[PDB]
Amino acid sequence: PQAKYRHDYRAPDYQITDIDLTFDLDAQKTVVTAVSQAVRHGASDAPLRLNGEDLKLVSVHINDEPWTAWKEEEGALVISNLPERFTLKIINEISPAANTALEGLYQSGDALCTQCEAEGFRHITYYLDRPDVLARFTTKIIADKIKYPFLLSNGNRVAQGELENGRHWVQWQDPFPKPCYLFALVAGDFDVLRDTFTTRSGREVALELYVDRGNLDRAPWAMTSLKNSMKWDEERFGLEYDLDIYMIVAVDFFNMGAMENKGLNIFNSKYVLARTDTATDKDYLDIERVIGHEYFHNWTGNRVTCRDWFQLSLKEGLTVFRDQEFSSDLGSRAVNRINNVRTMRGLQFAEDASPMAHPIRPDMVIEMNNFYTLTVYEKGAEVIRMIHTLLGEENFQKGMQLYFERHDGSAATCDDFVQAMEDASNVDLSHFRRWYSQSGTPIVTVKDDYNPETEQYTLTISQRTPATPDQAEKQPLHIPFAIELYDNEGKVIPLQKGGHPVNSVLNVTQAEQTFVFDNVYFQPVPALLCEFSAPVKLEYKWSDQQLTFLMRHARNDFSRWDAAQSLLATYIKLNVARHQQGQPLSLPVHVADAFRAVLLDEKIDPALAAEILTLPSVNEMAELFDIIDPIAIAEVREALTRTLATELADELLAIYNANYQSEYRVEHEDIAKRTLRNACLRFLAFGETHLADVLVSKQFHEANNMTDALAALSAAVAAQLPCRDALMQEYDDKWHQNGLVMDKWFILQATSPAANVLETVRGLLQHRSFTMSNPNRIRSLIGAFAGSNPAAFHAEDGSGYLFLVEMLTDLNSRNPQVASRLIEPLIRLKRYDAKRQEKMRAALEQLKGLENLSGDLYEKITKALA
C-alpha cells in the first residue's frame, strides 16, 4: 500500500461540474449509470484518471461515442485523448449485499444505504473521488416498490414515477455543488417522524427522521435536538439551514458514528434512538452532541469543504469545537469542559505518545480512514479553542464570517481558515500555525518566585515537545497559558506590571521565558492553564494545600475539578509504586478530608461535585506513567475507591439519599443531581458488602429510568457484589432483543474485574444478542475488552493479545475499518514492560503475515513494529 503526502497536492487535471446518476437498485446486483459533464484544466495530453474499486465496468462513452482509448489499472479507469469539454457516461455494476466493509453502497438489515466519506464513492462508480472536485448532483433511483417504498438522496424530489413489474422511481436534485463524499442514497421501508423548523428569516424547513418500523417511540429526542441545533447555530454563529428538507436516517450497521451528507444525514441508530427505559442521561447528551455535530457540518464541512483529506481537521476540529460550544451553552459548561479535558489527557495524549502520532493536519497517510482520530477531532478542536482564547468571541465570529465570505462554495485548507482568523482580528497567528504541523504533546514546566521586598511574583515557564516517531524535529509553539493568582482570602489578585494591567492569557512562545507581575500584595496561590487553555502537560511543584485551597476557592468550576485531579495524581503515582512492591494503599488523612469537604459543601454545584467524586479512569491514570502497569493501575483504582468508601461512608449515604428524585427528567439540573447520586452509589458499592448489595439491588429494581438502573448494574459488576449474576441475567432476559440496550451489558461483561472475564467474553461471541456483522456489537464486546479493560487485555499470560489476534484475523477480511479501530490497544506496546512488549510484538507479527492484509491494518502494524 503506498503512502500519499500532503506536499504532493496538485490541482486536478480535470473537473466535473455536474453528474446525473441513475441507480437500478437491487441488493445482489445494482446497475449505476453516471453521466458527468467534465472540463479539462490541465495539459492537452493529460488523461482523465478516475478512481474505482470493486466495480464491474459495462461501458464507457464520451459524448455518446463508445470510447476505445481507455484502460483499467489497479484502482482506476484511465481515459485518453479527450476533448477540452465533454460528457462522460459510465455504466457499471456493484453488489451491495457483498459489501461487508460498509463503505460505498451496502445493506443495513433490509435497507440499502451509503457511506462515502472518505473515499467510498469510488466503490459506487468511477469518479474523481477527491474533495476539491465539486459537482451538482441529480440522482434517479429505481427499485422494487414493496421492498423499497422510500428512495432518498440529497436535496429535493424533482420527479417520480411508477414502472411495470412492481418498480417505482424517484429523482432528487441538490442545487449546491458538492464533493462526492457528501453523496448519500437510502432505500427501504421506515417509520417517519415529521416536523418543521422555521428559520429566523422565515424559511420553513421540513424535518424528517426515518427509523426502522416500530421505533417511532424512540425518535422525539433526536428531533428535538435537531431543532435545538438549528436554533443554536442561528443564535451563536448566525448560520441558517440552506435547503428545504432536512432528512436523517437511523441505520443499525454503520462504521462512522453519523455522517453529514447534505440534506440526508445517515446516523448509526446509537446516536438517534432514545427513551427513558432504554437510554441513559449520557446517551441523551451524546444524541444531542452528534445530531448537533452533523448539523453544524452543514456550514463547516459542506458549504465550505476540504481541498484534500490532509485538511480533514479544517471541518472536524471546527465542527467538534462547535458541538462542544452547543452542548456547553445548552447544558453545564463546566461538566462539558471537564469531560473534554478527560478525553484529551486520557485518550488523545496516549495517541500523541504512540506510533500513530500525527499533527492535526497530517503530512503522510496510507489509508485515510485511519485518520479520523482523537488528534484530528479532539486535539483539532483544542486548536480552534486556542484561536478563540487568543481572539475572544467577537473577533472569532468576525473570523468565521470572513472565512465563509471568502470560501463559501469552495474546498479550502486549514491555512485558509487560520488566514481568515488572522485577517479579521489583526491577531498574528504566524507562529500559531505550527500547531497544525507539529505532532506530540508539549510539556510546559512552571517555576515561581514571590519577592516580598518588591511585591513581585515571577513565573518562569519553559516548554518542550519530545520527539515522536513521525518527527524528529520539534520547535516551540505559541501556547496561550491562562493564569489566575489568589490571595489568602481566595480573591483574585489583579495582574499588572509597570502600572498597566496584563492580560491573564500569557503568550508562552519561547523555549523559556519569564513573566513578572507587580503589586502582588500577598504571596499567591496560582491557578495555572485555566480552563485547560492549551493541550499540554503541566509540570508545577504543587503542595497539597495549594491544591485543596483551589478546590475551595478557585472561581471557575473547571479549576476546582482540575486541582482535585492534580491532588489525586500524586497519590495514584504513590500507590501504583506501592502496589508493585506488594504494599497496600496509603493516603493522607487531609486528602480524604478534601473529598469529604466536597460532599458536604452545600454551595458547590452538584454537577461539579459529581465530577470531583468521579475518579480518573484507568486510561486517564495510564497517562501519568512512562511505562504503564495496567494491573497496578486497576487495583489501585479499586483500592482508592474502597478507601474513600470507608472513610466517607456516612457522608456518601447522606448525599446519596439527599439527591433522590422521584420524577425522571432530561433536564440539566436533574442530570447533575443524578450524576452526583450515582457517583456516591459507586463508592457505596465498594463499602460494607451487605449494605452495598442491598442499596445496589434496590436501585436496579426500583429505577424508573435506565441511567439509575445501569449505574446500579455497573456497580454490582465493578464491586463483584452478591446480586451481580441475578441482575445481569434479569437484564439479558428483559432486553436481549434490543441491541443498543445490550451494548451496555456487553460493555459491563467486557470490563468486569472478575478473574474469568476473558472466558466470559469468548463465550459471549455466541450470545443471542451478539454478531460479528455489527460494528456496535463488536465495539461493545471486543473493543471494550481490549481498550477499556487493559488489566485483562494485558494479562501476563498474553491471552488477551491472542484473543484480539483471533478477532482481527476475522475483521481484517470482513470490515477493515472496525479492525483498525480494534488494533489500537496492541500498537501501544512500547508503553509496556519488556515481557508484555515481546508478546504484543509477536501478535503484531502474526497479523502482519495475514493473507490479504488490509491497508488499514498494514499502516498501523508497520508503524508499531518500527
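Just count from 1 along the sequence shown to find any residue number.
For the pair 387-395 and 620-628, the mean Cα B-factor is higher in 620-628. Averaged over CA atoms, B-factors in the entry run higher in 686-694 than in the other of 686-694 and 374-382. The PDB entry gives the largest Cα B-factor of the residues 744, 603, 289, 434 to 603.
For the set 767, 578, 322, 337, the maximum C-alpha B-factor listed in the entry falls on 767. In the deposited entry, the Cα temperature factor of residue 25 sits in the middle third of values across the chain's modelled residues. Annotation for residue 60: C-alpha temperature factor in the lowest third relative to the rest of the modelled chain, per the entry. The deposited CA B-factor of residue 499 belongs to the highest third of values across its chain. Ranked by C-alpha B-factor against the other modelled residues of its chain, residue 478 falls in the middle third. The deposited CA B-factor of residue 18 belongs to the lowest third of values across its chain.
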